[PDB]
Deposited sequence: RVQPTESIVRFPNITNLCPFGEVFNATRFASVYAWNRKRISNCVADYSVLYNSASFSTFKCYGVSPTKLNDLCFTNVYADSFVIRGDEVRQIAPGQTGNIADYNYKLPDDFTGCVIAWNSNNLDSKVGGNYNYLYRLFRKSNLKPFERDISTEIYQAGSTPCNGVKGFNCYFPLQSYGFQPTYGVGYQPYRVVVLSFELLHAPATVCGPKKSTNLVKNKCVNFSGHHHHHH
């Protein structure tokens, strides 16, 4: 199975534009360079398909990639269902994802009129209407912001790379 194409991928998505790679016909394997390896519904089997979801967030937002969490990531960027069967894997990526002047390129959604439903993706760049006045693309705010990752920030504010495997109903 081409799990290598997902874990060892040179470029990762912004969490708001999280990347999904469909895995179909092949076999899985085993995985000390990961700070988080948490499975839900199974434990370290065969399945119809495997989905590999991958993106970058802050270290202290990794708690939010789990069933029934809240926060700007779980609510407005990447939502897991309460009944989720799959594994959540993260690791510190300060070496690849932080830059001297601040890395702008990794963005998150800060504002949204309601919560995402589980596994929903929203790539919208449309101005968020907070107040009564409709917004002429200028109480009118841009909904995406940058993490600006810097190599010197504390572990909590460093970029972590996350891979979510979903198993729907490939053999281990």
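- Going by the record, the unmodelled stretches of the deposited sequence, in order, are 1 to 17, 49 to 53, 67 to 71, 166 to 168, 200 to 205, 209 to 231.
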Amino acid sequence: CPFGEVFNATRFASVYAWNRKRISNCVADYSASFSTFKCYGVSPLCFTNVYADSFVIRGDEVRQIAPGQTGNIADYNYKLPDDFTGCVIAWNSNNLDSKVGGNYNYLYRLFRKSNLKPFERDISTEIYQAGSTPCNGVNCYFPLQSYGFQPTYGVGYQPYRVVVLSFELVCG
From here on, numbers count along this sequence of modelled residues.
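- With 156 to 164 and 18 to 26 compared on mean CA B-factor from the PDB entry, the stretch scoring higher is 18 to 26.
- Note on 127 to 135 vs 55 to 63: mean CA B-factor is higher in 127 to 135.
- The top Cα temperature factor in the record, among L107, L116, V42, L110, falls on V42.
- Sorting the modelled residues of the chain by their CA temperature factor places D97 in the lowest third.
- When the CA B factors of the chain's modelled residues are split into thirds, the value for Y147 lands in the lowest one.
- Sort the modelled residues of the chain by CA B factor and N103 lands in the lowest third.
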